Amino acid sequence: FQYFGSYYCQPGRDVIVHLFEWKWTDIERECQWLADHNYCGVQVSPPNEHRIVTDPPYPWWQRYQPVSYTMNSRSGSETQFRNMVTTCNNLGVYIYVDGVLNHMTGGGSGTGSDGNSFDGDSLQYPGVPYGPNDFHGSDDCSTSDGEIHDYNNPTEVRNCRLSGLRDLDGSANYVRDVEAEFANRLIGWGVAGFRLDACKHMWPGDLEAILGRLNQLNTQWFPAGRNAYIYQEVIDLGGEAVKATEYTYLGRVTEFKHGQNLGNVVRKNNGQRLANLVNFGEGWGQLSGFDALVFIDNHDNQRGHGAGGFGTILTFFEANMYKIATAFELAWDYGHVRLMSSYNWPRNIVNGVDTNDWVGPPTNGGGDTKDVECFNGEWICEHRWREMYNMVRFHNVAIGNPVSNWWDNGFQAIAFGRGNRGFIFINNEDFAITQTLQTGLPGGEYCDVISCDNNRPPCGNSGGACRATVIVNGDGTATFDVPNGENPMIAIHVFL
């Protein structure tokens, strides 16, 4: 039995970023910035040939309808993909492919992003090739429309069609061989791993058979005898017949409870309290940290498609709370952390649903994607926000230390350290707090890395609101003056 939940990073790097709908040429350039800020890797949008949808015009979700396993996509050509992987790998920033193996397209016919035909009505995908024998059908699914409705029926969830997406027969030797060939081709070029889409809709045994066909990582960059990193998108918020714990033996699993819980806590939904995070992690009924890929939001649930709709998940639209939740997640020790990196779109919530949730990335038209320019009102670039990247540095400095010196106000203020390496005071109250705490840190002069550029004087005021220096006393205590409001947190850490 091979296990795929271990990932590989350069020393001092750990956090990964989803550069959602970024072009390969932009990711290739971004790898320098990411390396300089000690991020470990990038999840890239599905790079295989996908459906081109023109009604509505070029939505993001067309990339979740495979047409073939060639490598010309909205983000760029095979040549551009391979240039990106090579450059990023040489910089020590690795690439995880969003791998879409559960299904092909929905109904209708057309061509994909590399010119190959699809026909979801006849189940013909000549670019693979797949035909009807390669799919589940009326022999395998008994619902009246062929779609999934009863999430208490694992057979229905796995063998019927997710919203009409034609469902591949993952038990078939041919499908397993074809999908492994796709993954192995990408591994051979230098891809480090995969985010596997829609895994709740596949049988773990079929995933095991596909993963057993995989070659090990390319030793131009990776250690000999290393399996690819696999993290599996399994949406499991409890009370269903498919469980995230079915997939952890194969690799890591997305823990959607993490962002649900942190979102509810930071929003103070239904009387939640920041102080309740004292035991956050597996003890909240979540996966063990070692089995989990964690994140505040993803591309689906920032569009209201997760549970609670728009009322729980935090996103760049709620920037102040989003930074609080992300800072906590990065300072804590639980899971492999992925940060979303988003684009803006005309979100328009009507009766709880965003009417414009289909809108694709910044475009001049014609299905192209604009070059990224961070902070221009179109590309959000959360991973480049100082509050994020300085908390990634905090996370890196703190690595391997326990949570220590926990404090809270019984309510909406907590503070904790990571050994003798870092300390964060989070005041989520509607009033200011002055509090002296054992920070666990060596005595000295520290800067708040939430508001300042550097961890020690000179503090650096590029953001314009760098707070006064924090003095840690000789006994390890420090006095935190934390006003409520924007960025209502102070994080300090020893020199990297």
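Sequential numbering from 1, following the sequence displayed.
Novice: Averaging only over Cα atoms, indicate whether 92-100 or 114-122 has the higher B-factor in the PDB entry.
Specialist: It is 114-122.
Novice: Mean Cα B factor from the PDB record: higher for 51-59, or higher for 438-446?
Specialist: Going by the record's values, the stretch with the higher mean is 438-446.
Novice: Considering only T245, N301, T155, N396, which residue's Cα atom bears the greatest B-factor as recorded?
Specialist: So the option with the highest C-alpha B-factor is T155.
Novice: Between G360, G193, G335, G283, let me know which has the highest C-alpha B-factor in the entry?
Specialist: By C-alpha B-factor in the record, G283 ranks first.
Novice: Of the three thirds of its chain by CA temperature factor, lowest, middle or highest, which one includes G400?
Specialist: Middle third by C-alpha B-factor.
Novice: Mind checking which third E21 falls in for C-alpha B-factor across the chain?
Specialist: Its C-alpha B-factor belongs to the lowest third of this chain's values.
Novice: Sorting by Cα B-factor within the chain, modelled residues only, which third would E486 end up in: lowest, middle or highest?
Specialist: Ranked within chain, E486 CA B lands in the highest tercile.
Novice: Splitting the chain's C-alpha B-factors into thirds, which one does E233 fall into?
Specialist: Ranked within chain, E233 CA B lands in the lowest tercile.
Novice: Comparing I433 with the other modelled residues of its chain, is its CA B-factor in the lowest, middle or highest third?
Specialist: For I433, the deposited C-alpha B-factor lands in the middle third.
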